[PDB]
Amino acid sequence: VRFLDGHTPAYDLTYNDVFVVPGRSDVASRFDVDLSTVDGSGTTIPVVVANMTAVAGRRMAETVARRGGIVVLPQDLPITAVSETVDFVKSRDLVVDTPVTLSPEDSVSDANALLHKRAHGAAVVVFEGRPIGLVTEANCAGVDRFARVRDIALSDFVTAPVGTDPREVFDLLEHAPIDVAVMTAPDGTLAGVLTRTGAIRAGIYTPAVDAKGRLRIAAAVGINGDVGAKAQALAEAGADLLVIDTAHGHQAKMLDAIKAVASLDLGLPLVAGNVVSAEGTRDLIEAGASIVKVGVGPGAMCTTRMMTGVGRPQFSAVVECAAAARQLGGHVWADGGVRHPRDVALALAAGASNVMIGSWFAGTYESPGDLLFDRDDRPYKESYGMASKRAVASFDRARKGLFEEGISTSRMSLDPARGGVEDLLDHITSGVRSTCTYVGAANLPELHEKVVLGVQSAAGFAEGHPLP
Amino acid sequence: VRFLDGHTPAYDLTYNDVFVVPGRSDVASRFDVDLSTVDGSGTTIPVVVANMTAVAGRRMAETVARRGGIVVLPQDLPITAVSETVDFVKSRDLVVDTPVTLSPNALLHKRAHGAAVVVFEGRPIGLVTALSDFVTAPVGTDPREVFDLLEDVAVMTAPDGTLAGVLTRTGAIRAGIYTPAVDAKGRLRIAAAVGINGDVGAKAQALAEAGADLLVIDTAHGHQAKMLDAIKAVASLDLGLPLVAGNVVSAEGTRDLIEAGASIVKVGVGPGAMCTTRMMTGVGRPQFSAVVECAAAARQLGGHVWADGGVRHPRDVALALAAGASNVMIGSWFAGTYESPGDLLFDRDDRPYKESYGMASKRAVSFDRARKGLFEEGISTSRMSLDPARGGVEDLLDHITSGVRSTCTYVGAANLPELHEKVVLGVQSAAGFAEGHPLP
Amino acid sequence: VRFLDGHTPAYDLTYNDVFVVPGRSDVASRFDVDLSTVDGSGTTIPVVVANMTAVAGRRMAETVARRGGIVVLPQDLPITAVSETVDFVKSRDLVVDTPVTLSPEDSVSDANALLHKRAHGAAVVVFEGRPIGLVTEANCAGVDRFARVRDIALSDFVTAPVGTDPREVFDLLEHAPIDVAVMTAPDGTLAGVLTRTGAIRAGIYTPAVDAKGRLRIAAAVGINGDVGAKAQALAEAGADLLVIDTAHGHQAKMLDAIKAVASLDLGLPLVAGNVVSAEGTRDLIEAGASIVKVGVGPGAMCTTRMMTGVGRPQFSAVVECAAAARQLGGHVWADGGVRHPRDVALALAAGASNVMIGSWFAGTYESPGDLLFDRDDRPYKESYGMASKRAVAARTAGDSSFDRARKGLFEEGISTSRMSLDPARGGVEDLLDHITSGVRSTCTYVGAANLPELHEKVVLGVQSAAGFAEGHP
Amino acid sequence: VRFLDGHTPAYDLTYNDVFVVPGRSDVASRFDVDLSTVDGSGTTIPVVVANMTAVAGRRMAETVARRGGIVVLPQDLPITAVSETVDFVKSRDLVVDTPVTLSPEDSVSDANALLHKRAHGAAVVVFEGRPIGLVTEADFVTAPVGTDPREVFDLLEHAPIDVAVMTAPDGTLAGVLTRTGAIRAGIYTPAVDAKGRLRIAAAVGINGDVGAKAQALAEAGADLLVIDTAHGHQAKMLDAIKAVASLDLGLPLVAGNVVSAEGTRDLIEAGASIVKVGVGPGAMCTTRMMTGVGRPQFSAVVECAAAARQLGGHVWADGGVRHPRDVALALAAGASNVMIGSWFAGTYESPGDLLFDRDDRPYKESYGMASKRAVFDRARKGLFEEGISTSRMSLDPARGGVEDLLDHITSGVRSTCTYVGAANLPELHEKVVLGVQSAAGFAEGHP
Ligand SMILES: Nc1nc2c(ncn2[C@@H]2O[C@H](COP(=O)(O)O)[C@@H](O)[C@H]2O)c(=O)[nH]1
Ligand SMILES: Nc1nc2c(ncn2[C@@H]2O[C@H](COP(=O)(O)O)[C@@H](O)[C@H]2O)c(=O)[nH]1
Ligand SMILES: Nc1nc2c(ncn2[C@@H]2O[C@H](COP(=O)(O)O)[C@@H](O)[C@H]2O)c(=O)[nH]1
Ligand SMILES: Nc1nc2c(ncn2[C@@H]2O[C@H](COP(=O)(O)O)[C@@H](O)[C@H]2O)c(=O)[nH]1
């Protein structure tokens with residue numbers, strides 16, 4: 001990483017304190033840029049969904065992995081539900097997406113609430129595995145909530161065999177009144193659905209898959225209790241990647257945790273803790289971790305800096321840690337504090353292999369949390385921090401709970417036009433691809449190497465138009 | 001103190017300009033760190049309440065000291081009063097708390113207790129938030145037993161049947177978290193303050209008789225002739241009590257005050273709370289830079305430094321201790337509590353708050369009464385907001401202590417002296433401080 | 001009923017336009033008043049839950065019936081659901097209340113939402129049919145919403161055999177950590193739940209029960225299609241009372257419906273249509289209806305007045321309709337426009353045998369509508385009008401999609417309103433406590449020992465302008 | 001009472017539904033009017049403070065009693081509390097008021113909070129009884145106790161401060177007298193008991209044993225007994241009145257609440273000299289929204305006053321008093337006195353603690369008596385308990401004391417008498433002409 005001549009700040013740098021300078025560019029198009037990651041995570045786009053209960057569900061795992069990202073399941077989640085989630089995800093189709101399925105005896109109230117858990121804007125009425133019709137949000141408006149799918153379903157829908165060409169079903173949905181096409185297995189059961197926009201993304205994004213060509217999914221583990229036994233179970237569960245997570249990454253308990261999991265020789269890539277320094281970055285990798293997660297305080301749910309005063313500007317933290325991981329033959333995850341696509345690109349420019357996106361994605365449809373509204377009828381979802389699950393560890397529950405970090409809350413409002421998380425992946429990946437062409441990079445490794453950066457003042461960040 | 005490479009600033013640093021960098025730590029939890037102070041104040045937690053009248057009352061002195069802090073009492077208080085408040089505070093129970101009570105809301109909000117006891121000749125006739133329908137318990141009861149029995153108010157009774165006090169749910173919890181700050185006799189610690197005007201020897205000597213466990217000789221400008229002579233006067237009597245002195249932001253002044261016989265040096269000028277001096281004078285200095293310099297200067301002579309002024313957040317408390325301060329003094333943030341002398345008022349939004357007032361001229365140096373009175377520093381005021389749920393100071397003490405304890409685990413210190421020794425700090429930009437979630 | 005001398009207004013009266021004048025009373029307390037009804041509804045208190053999808057569920061049915069009220073199931077509800085609802089309600093205990101069930105593997109998100117489906121404020125965790133833990137409203141706070149119930153539910157709770165006297169469970173709960181008392185059958189299975197207030201109400205309210213001692217429940221029918229077959233089907237489905245309902249009750253299609261149902265001899269009480277006039281009350285009773293439901297326009301979800309201009313002030317409507325019904329030996333249900341207990345008492349003082357309550361009860365926990373939270377995050381629920389289900393249509397059988405859309409254009413749309421829960425006490429039983437407390441007082445103010453005496457002994461007067469503004473909201 | 005010719009409405013009338021028609025008057029000034037009450041209550045002005053925990057304290061009872069009003073202490077208060085409250089009121093001077101006590105060691109903020117407990121706007125800093133000075137709003141003027149308020153008035157004119165610290169002959173203070181406080185001494189005449197000091201009343205419920213409670217209250221110093229219940233026409237009231245009267249306590253007996261002449265007769269024939277009148281107009285009364293039972297207060301006072309006077313009785317107008325017009329209209333309706341509710345809770349002397357508003361204007365909290373006005377064992381009756389209603393009455397930013405409201409009230413009534421030509425309240429009732437108005441009629445003028 002290099003800075004413009006004359007720029008050597010007297011302070012550590014945030015994402016807002018820096019900018020990228022366009023260099024000479026031989027790259028013709030944005031689609032000529034390969035966004036695939038070299039860190040062994042398997043992500044074809046530089047996006048990792050943070051491990052948070054308010055963020056990473058089974059639905060988020062499906063939709064993101066199909067678009068090339070990866071979703072880390074939250075820690076302290078029962079092994080039975082972990083194994084059930086990963087089986088759900090790895091059973092998903094790579095092109096078509098799993099819709100919200102309904103039964104004809106369900107209430108329109110339930111139908112309307114379940115519709116918003118996915119970005120399709122329509123639900124499929126099913127009998128046994130086999131679609132009998134479609135329910136649209138427009139048809140649920142103005143009707144009786146407790147009338148059960150009486151006259152709702154149109155029963156006439158454009159349908160195509162599973163594994164058809166996304167460009168043909170794209171054409172099939174051109175003259176169709178509804179934008180959803182149901183896709184069926186050769187036996188007649190429902191394979192899934194594909195939106196006209198979904199067919200487009202299939203040609204753009206490369207799904208993140210295992211050797212079987214099954215959607216990738218990861219899971220997180222705390223350093224409390226027996227870490228080796230816990231990590232062993234999640235490995236057998238089919239988790240493609242393991243994340244050892246705690247608030248303070250540089251610690252005695254953390255290093256012993258990596259050694260405990262690595263002593264089992266699970267052959268899985270190990271992500272380790274949170275450290276903003278090179279010395280911590282060096283110790284975690286030496287402990288047997290392949291990748292290190294980096295930050296303290298940038299998280300939107302993180303009150304650490306206002307409480308403890310501990311923390312560090314994320315850009316400088318990523319820059320320093322990526323340097324330490326590179327020399328030790330490893331990689332760095334930029335973790336927390338990504339509001340805008342700029343923060344993603346700047347993190348990669350800092351040398352991070354992958355960026356971990358938090359509560360920003362809690363404001364989508366596929367988010368596990370329930371969709372709420374305002375008096376203004378503006379859609380939003382409430383995001384929460386992982387809280388105690390990120391820390392180290394009846395009368396005791398109230399006492400220790402007194403000094404313990406309280407779970408933080410913030411309102412993430414949905415985009416009233418496009419609320420799906422894939423739409424956010426459009427904004428993120430489009431921005432980064434332009435960052436690559438501005439610098440002239442054909443891929444991520446070239447980006448970090450060729451990038452020229454500079455520092456700005458407060459008036460510098462105010463330049464330009466704020467996004468929607 | 002250690003700084004990052006290239007982080008030597010072109011400006012002086014406030015609490016907002018800096019951050020603490022994590023390091024290798026063998027300390028697992030917040031309960032494994034010792035918050036006790038080595039400055040000889042007697043506090044089990046590094047928190048001192050300011051000598052403003054708008055903050056430190058009898059209720060404030062009782063509440064904080066019980067949780068391990070200490071409250072220095074305002075100057076311009078008749079010694080008859082400081083004696084009774086000391087007598088009041090030192091007569092308190094270390095576990096049970098004194099309820100607000102009157103003969104058969106503004107009074108109910110004077111304490112963090114959810115209820116008030118109605119009393120007749122010492123014996124409770126029951127509660128206002130109803131005779132035998134609430135829970136009682138004799139004094140000497142373990143807090144865990146009171147906690148269990150409340151599964152949020154439990155009236156504690158003296159063996160004769162009268163009212164000894166009250167213990168709430170969190171109050172029962174907190175008996176086993178905080179170690180009370182007590183003198184040799186096991187009574188809650190309390191301190192007093194004096195101006196440098198008039199006779200300081202007799203004032204200080206008289207306060208030592210009033211039961212003050214610590215003496216504060218306080219003035220607006222710490223570095224000057226009248227202060228040095230004043231410290232010399234107090235130390236000459238050799239009362240044996242800890243001496244903190246004045247306010248100075250310079251390394252030399254910190255030493256000058258110590259050489260005069262003061263053990264501790266209060267440090268800061270102008271960030272303040274009710275202080276208009278920066279906008280009035282322009283005199284002052286960023287608090288972190290000030291403390292870091294003064295703390296280092298005192299440690300060389302074996303002295304200690306109280307970080308004084310400009311503490312909004314638990315962040316500022318940890319940073320001051322990391323700056324080398326043995327204790328921190330919090331003026332205004334505790335005016336925003338229940339235990340503050342000012343009653344509870346509300347405003348436009350349903351959120352509560354309290355009005356804080358400044359010392360001003362009281363920290364400074366019939367024709368002369370009006371003429372010198374015209375230049376009095378006017379009506380310092382501001383709005384400190386309560387936490388809409390928990391308005392008690394002990395809840396702010398939870399925050400403060402929870403943060404600092406966690407700071408130590410981050411740096412890897414097992415105590416406060418190790419915090420300053422093991423800490424690495426760096427400078428941040430505007431957007432740097434904006435990182436993370438704010439506090440409620 | 002008679003009015004104070006000099007009061008003969010030139011306009012018809014609403015609930016806000018009138019007041020009850022106190023009179024000499026030998027009645028000491030409100031508890032000595034008999035709230036039982038003479039209309040044959042079987043209700044021990046003068047409240048009927050309106051037939052609307054936003055108010056009357058399976059939970060509203062048992063909760064109100066246990067306290068002596070009755071719930072009318074909405075018309076055009078699938079009979080499969082009615083029979084399912086009837087069987088559920090009539091299988092409920094007269095004392096013990098049906099609790100909210102959770103699993104050890106359930107999410108706190110699911111736990112907290114299901115928790116508000118009842119007024120218990122607590123939810124029982126079950127293992128193999130046998131209760132283990134208990135989840136409280138307060139017990140979910142500051143916890144990860146997706147955490148399991150194992151580390152949540154507290155297994156220390158008071159217990160007691162099913163069929164225990166309500167007075168004992170009350171004293172058992174005084175020293176208890178939690179307000180709820182879990183009821184267990186001797187075999188160990190979960191019988192149900194009884195709260196402290198639930199124990200108190202057992203000594204106050206007397207359940208409305210059928211011939212076999214099972215909680216009473218009603219059902220409604222529109223006059224479109226085959227009414228005889230629908231009514232016959234609901235009667236065999238276990239409905240203890242039948243309600244024939246439409247917007248305009250004074251029209252021939254309604255008259256034929258009553259005659260059709262009454263010709264089947266179900267041996268059940270008949271409520272018929274909605275009429276604001278004395279002539280309508282007679283004609284419906286002369287059509288074979290035992291009871292006459294009364295109002296046009298006072299309904300909270302009703303747009304009739306703003307659309308058509310048709311309607312009548314509810315008080316003046318009830319006083320006239322009740323009087324005409326008594327002469328025919330029938331009874332009148334006051335239907336629509338009840339904001340306050342005042343409207344319930346005035347309706348009875350007007351001569352109504354029973355008071356039908358709508359969207360007000362949609363603002364409770366037991367309401368079938370899902371619980372929502374606003375800006376201030378205070379609890380509320382949405383109420384909806386029955387719309388076209390209350391209207392009359394021609395035969396739509398074998399229609400055209402054009403005709404289906406044609407008739408749908410002028411069709412009445414569903415109106416909506418936000419009904420706020422009381423943040424402290426959000427159950428419908430708390431409104432029943434509110435309503436019955438007010439009506440019982442009116443009886444003592446008038447000096448009536450029961451509802452029939454109230455109508456007889458009541459003196460009324462008219463007010464205007466500042467008259468309504470007196471008192472506190 | 002005779003309404004204007006042609007006015008015979010189809011409804012009963014509230015205070016806002018009526019207006020007084022002026023008539024020929026030989027009455028020159030307001031001070032020539034006699035506001036005295038003929039009901040034998042002992043009030044020199046037609047003002048009775050309602051019995052509620054939100055309004056009548058010991059401080060409220062002192063302040064209005066020296067201005068001629070009377071306080072009815074809320075019922076179901078401990079006999080230990082009423083005695084101490086009475087002992088306080090009976091310990092008060094007739095002329096000079098009681099100051100707010102301070103001390104050199106107290107704070108600036110606490111001094112201001114304690115200051116609002118009185119309308120003095122000033123507090124006396126005292127040392128072991130000896131006043132050392134004063135604090136005024138944002139040294140002292142001293143005069144001996146029982147001086148001429150007209151002389152003290154003059155001393156305060158030459159003073160920078162408007163309050164006078166009154167020093168007892170041996171040293172130290174009996175109390176304080178303001179300029180306005182000295183003026184009112186020439187206006188208002190204190191209501192006194194048989195012992196020559198401030199008069200006070202007490203309320204009792206009809207539940208339990210009334211006679212024993214009334215006996216206890218009477219020996220506890222209550223000069224007037226009030227038998228109070230939501231519905232006064234019930235039989236348990238007849239028992240209550242006849243019970244208390246049989247004790248021969250020699251005190252004025254006011255009873256219950258009735259809006260009807262039939263109720264007024266029965267209670268009077270039961271031995272009640274005065275009948276308190278209303279159902280529902282009360283600011284804290286939710287009865288009308290709950291029960292539906294009630295009646296417009298003006299029509300209630302009209303019919304009941306006529307029935308009472310026929311039996312040689314009297315009528316207290318109870319509830320619905322907002323503006324001074326309501327007081328005058330009640331007396332014009334034939335009431336011997338007017339009972340004032342939560343309106344006074346919006347003063348300084350109210351026991352309710354003072355809060356601050358969004359606009360940073362003073363307001364106080366008022367609350368209802370609820371079940372105390374009504375007719376395991378506690379829990380069953382506690383579930384049907386009528387919730388205590390809550391309303392917020394805002395103080396006048398300028399004059400926040402209750403004496404200031406008394407100035408308003410007594411000014412309006414004295415002015416009402418001059419319009420009709422009455423020299424007193426009995427003449428007010430006989431000489432008054434009334435009329436009916438619409439919503440637009442009441443909206444005329446400056447609120
Ligand atoms: N200290 C703390 N960090 C959190 C908490 N919740 C999430 N985080 C961190 O913040 C990251 C995402 O933050 P975001 O991208 O929403 O700003 C997570 O991957 C995790 O490292 C929390 O409750 N406390
Ligand atoms: N400079 C100055 N400092 C003051 C004044 N009044 C109080 N202080 C000091 O302000 C400190 C509190 O500041 P805080 O820590 O609340 O920001 C106390 O230690 C107190 O001595 C003042 O008027 N001027
Ligand atoms: N016109 C009309 N009246 C309705 C509708 N829904 C309910 N109602 C009437 O309103 C009554 C309930 O009114 P509520 O008690 O909620 O104010 C019902 O019993 C019925 O008489 C509707 O959709 N349209
Ligand atoms: N029913 C009832 N009446 C009340 C209550 N509180 C006060 N009142 C009545 O209302 C009167 C107050 O009148 P106002 O506040 O309108 O001037 C009281 O004197 C009393 O008669 C209450 O809580 N319930």
# chains A, B, ... in the order shown; residues from 1 in each chain; ligands from 1

$ residues_around --residues "region 95-102 of chain C" --least-positions-apart "4" --cutoff "7 Å" --atoms "only C-alpha atoms" --output "ChimeraX atom specification"
/C:106,111,114-115,118,123-126,192-194,202

$ write_last_selection --atoms "N, CA, C and O atoms" --output "short mmCIF file (atom, residue, chain, number, x, y, z; two decimals), in the first residue's frame"
data_model
loop_
_atom_site.label_atom_id
_atom_site.label_comp_id
_atom_site.auth_asym_id
_atom_site.auth_seq_id
_atom_site.Cartn_x
_atom_site.Cartn_y
_atom_site.Cartn_z
N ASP C 106 -37.21 -24.11 21.18
CA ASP C 106 -37.81 -22.94 20.55
C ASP C 106 -36.95 -21.69 20.69
O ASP C 106 -36.14 -21.57 21.61
N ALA C 111 -40.91 -17.43 21.32
CA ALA C 111 -41.40 -17.45 22.69
C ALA C 111 -42.10 -16.15 23.06
O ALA C 111 -43.16 -16.16 23.68
N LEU C 114 -45.50 -15.60 20.90
CA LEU C 114 -46.53 -16.53 21.35
C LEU C 114 -46.98 -16.19 22.76
O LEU C 114 -48.12 -16.48 23.15
N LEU C 115 -46.08 -15.58 23.51
CA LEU C 115 -46.34 -15.16 24.88
C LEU C 115 -47.50 -14.17 24.97
O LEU C 115 -48.26 -14.16 25.95
N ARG C 118 -51.74 -14.70 24.93
CA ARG C 118 -52.56 -14.80 26.13
C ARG C 118 -52.18 -13.69 27.11
O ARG C 118 -51.15 -13.05 26.96
N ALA C 123 -45.21 -18.10 29.93
CA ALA C 123 -45.43 -19.23 29.04
C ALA C 123 -44.74 -20.48 29.57
O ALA C 123 -43.56 -20.46 29.92
N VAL C 124 -45.49 -21.58 29.62
CA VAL C 124 -44.99 -22.82 30.19
C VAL C 124 -44.16 -23.62 29.19
O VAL C 124 -44.59 -23.88 28.07
N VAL C 125 -42.96 -24.00 29.62
CA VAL C 125 -42.10 -24.86 28.81
C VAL C 125 -42.40 -26.32 29.11
O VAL C 125 -42.42 -26.73 30.27
N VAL C 126 -42.64 -27.10 28.07
CA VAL C 126 -43.08 -28.47 28.25
C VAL C 126 -42.05 -29.46 27.70
O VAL C 126 -41.37 -29.19 26.71
N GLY C 192 -53.23 -27.12 32.63
CA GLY C 192 -53.42 -25.75 32.21
C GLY C 192 -52.76 -24.76 33.16
O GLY C 192 -51.85 -25.12 33.90
N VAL C 193 -53.24 -23.52 33.14
CA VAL C 193 -52.66 -22.47 33.96
C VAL C 193 -53.75 -21.58 34.59
O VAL C 193 -54.78 -21.33 33.97
N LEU C 194 -53.51 -21.14 35.82
CA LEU C 194 -54.40 -20.19 36.48
C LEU C 194 -53.59 -19.09 37.16
O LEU C 194 -52.71 -19.37 37.97
N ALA C 202 -62.48 -15.96 39.27
CA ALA C 202 -63.24 -17.19 39.42
C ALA C 202 -64.27 -17.04 40.54
O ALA C 202 -65.32 -17.69 40.52
#

$ residues_near_ligand --ligand "ligand 4" --cutoff "7 Å" --atoms "only C-alpha atoms and all ligand atoms" --output "ChimeraX atom specification"
/D:50-52,230,278,280-287,318-322,339-343,368-371,373,388-389

$ write_last_selection --atoms "C-alpha atoms" --output "PDB file, in the first residue's frame"
ATOM      1  CA  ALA D  50     -62.735  20.006  48.070  1.00  0.00           C
ATOM      2  CA  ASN D  51     -61.593  16.949  49.989  1.00  0.00           C
ATOM      3  CA  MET D  52     -58.880  15.314  47.926  1.00  0.00           C
ATOM      4  CA  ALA D 230     -70.177   9.098  45.338  1.00  0.00           C
ATOM      5  CA  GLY D 278     -73.060  16.916  42.222  1.00  0.00           C
ATOM      6  CA  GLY D 280     -69.849  13.580  37.558  1.00  0.00           C
ATOM      7  CA  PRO D 281     -68.722  17.183  37.077  1.00  0.00           C
ATOM      8  CA  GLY D 282     -65.572  16.528  39.112  1.00  0.00           C
ATOM      9  CA  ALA D 283     -62.302  16.930  37.238  1.00  0.00           C
ATOM     10  CA  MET D 284     -61.058  13.677  38.757  1.00  0.00           C
ATOM     11  CA  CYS D 285     -64.470  12.051  38.438  1.00  0.00           C
ATOM     12  CA  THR D 286     -64.583   9.385  35.719  1.00  0.00           C
ATOM     13  CA  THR D 287     -68.047   8.246  36.845  1.00  0.00           C
ATOM     14  CA  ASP D 318     -69.499  20.349  44.310  1.00  0.00           C
ATOM     15  CA  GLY D 319     -67.446  19.715  41.188  1.00  0.00           C
ATOM     16  CA  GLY D 320     -66.872  21.204  37.755  1.00  0.00           C
ATOM     17  CA  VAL D 321     -65.330  24.483  38.887  1.00  0.00           C
ATOM     18  CA  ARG D 322     -62.882  25.815  36.302  1.00  0.00           C
ATOM     19  CA  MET D 339     -66.609  23.443  46.554  1.00  0.00           C
ATOM     20  CA  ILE D 340     -63.411  23.831  44.552  1.00  0.00           C
ATOM     21  CA  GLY D 341     -61.494  20.788  43.353  1.00  0.00           C
ATOM     22  CA  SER D 342     -58.246  20.068  41.524  1.00  0.00           C
ATOM     23  CA  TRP D 343     -58.130  23.660  40.229  1.00  0.00           C
ATOM     24  CA  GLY D 368     -58.481  11.500  42.257  1.00  0.00           C
ATOM     25  CA  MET D 369     -59.784   9.937  45.463  1.00  0.00           C
ATOM     26  CA  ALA D 370     -61.342   7.035  43.527  1.00  0.00           C
ATOM     27  CA  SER D 371     -62.505   4.199  45.787  1.00  0.00           C
ATOM     28  CA  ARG D 373     -65.485   8.104  47.672  1.00  0.00           C
ATOM     29  CA  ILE D 388     -57.265   6.784  39.769  1.00  0.00           C
ATOM     30  CA  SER D 389     -57.573   9.435  37.076  1.00  0.00           C
TER      31      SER D 389
END

$ interface_residues --of "chain B" --to "chain C" --cutoff "12 Å" --atoms "only C-alpha atoms" --output "tab-separated table (two decimals) with C-alpha atoms, in the first residue's frame"
chain	number	residue	atom	x	y	z
B	132	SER	CA	-47.58	-6.50	55.59
B	133	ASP	CA	-47.85	-6.92	51.82
B	134	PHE	CA	-44.30	-5.76	51.17
B	135	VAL	CA	-41.17	-7.62	52.25
B	147	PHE	CA	-32.12	-10.87	46.60
B	148	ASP	CA	-33.71	-14.32	46.80
B	149	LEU	CA	-36.59	-13.05	48.95
B	150	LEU	CA	-37.35	-10.30	46.43
B	151	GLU	CA	-37.66	-12.70	43.49
B	152	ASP	CA	-38.08	-4.59	44.11
B	349	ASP	CA	-39.34	14.98	25.34
B	350	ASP	CA	-40.52	12.78	28.21

$ residues_near_ligand --ligand "ligand 1" --cutoff "7 Å" --atoms "only C-alpha atoms and all ligand atoms" --output "ChimeraX atom specification"
/A:50-52,247,297-304,335-338,356-360,384-387,390,407-408

$ atom_distance --atom1 "CA of residue 226 (chain A)" --atom2 "CA of residue 72 (chain A)"
20.1 Å

$ residues_near_ligand --ligand "ligand 3" --cutoff "9 Å" --atoms "only C-alpha atoms and all ligand atoms" --output "PyMOL selection string"
chain C and resi 49-52+55+245-247+273-274+293-305+334-339+356-362+383-391+412-415

$ residues_near_ligand --ligand "ligand 2" --cutoff "7 Å" --atoms "only C-alpha atoms and all ligand atoms" --output "list in words"
residues 50, 51, 52, 220, 269, 270, 271, 272, 273, 274, 275, 276, 277, 308, 309, 310, 311, 312, 329, 330, 331, 332, 333, 358, 359, 360, 361 and 363 of chain B

$ write_last_selection --atoms "C-alpha atoms" --output "CSV table (one decimal), in the first residue's frame"
chain,number,residue,atom,x,y,z
B,50,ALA,CA,-16.4,16.9,42.5
B,51,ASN,CA,-16.6,19.5,45.3
B,52,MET,CA,-19.4,21.4,43.5
B,220,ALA,CA,-9.1,28.2,40.1
B,269,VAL,CA,-7.8,23.9,33.7
B,270,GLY,CA,-10.8,24.8,31.4
B,271,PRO,CA,-12.4,21.8,29.8
B,272,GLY,CA,-14.5,21.9,32.9
B,273,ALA,CA,-18.2,21.2,33.4
B,274,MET,CA,-19.9,24.3,34.7
B,275,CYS,CA,-16.6,26.1,33.8
B,276,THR,CA,-16.9,29.1,31.4
B,277,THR,CA,-13.2,30.0,31.9
B,308,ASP,CA,-10.0,16.6,37.2
B,309,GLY,CA,-12.5,17.9,34.6
B,310,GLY,CA,-13.9,17.0,31.2
B,311,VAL,CA,-15.3,13.5,31.9
B,312,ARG,CA,-18.4,12.8,29.9
B,329,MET,CA,-12.9,13.6,39.5
B,330,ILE,CA,-16.3,13.7,37.9
B,331,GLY,CA,-18.3,16.9,38.4
B,332,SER,CA,-21.3,17.3,36.0
B,333,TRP,CA,-22.0,13.7,34.9
B,358,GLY,CA,-21.2,25.9,39.0
B,359,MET,CA,-18.8,26.9,41.7
B,360,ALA,CA,-17.4,29.8,39.7
B,361,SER,CA,-16.4,32.7,42.1
B,363,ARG,CA,-13.1,28.9,43.5

$ residues_around --residues "residue 286 (chain B)" --least-positions-apart "2" --cutoff "7 Å" --atoms "only C-alpha atoms" --output "ChimeraX atom specification"
/B:12-14,271,288-290

$ write_last_selection --atoms "C-alpha atoms" --output "PDB file, in the first residue's frame"
ATOM      1  CA  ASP B  12      -2.504  18.841  22.303  1.00  0.00           C
ATOM      2  CA  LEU B  13      -4.791  15.860  22.889  1.00  0.00           C
ATOM      3  CA  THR B  14      -8.191  15.736  24.562  1.00  0.00           C
ATOM      4  CA  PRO B 271     -12.367  21.791  29.805  1.00  0.00           C
ATOM      5  CA  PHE B 288      -5.337  14.152  28.193  1.00  0.00           C
ATOM      6  CA  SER B 289      -2.146  16.042  27.329  1.00  0.00           C
ATOM      7  CA  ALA B 290      -2.410  17.842  30.670  1.00  0.00           C
TER       8      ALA B 290
END
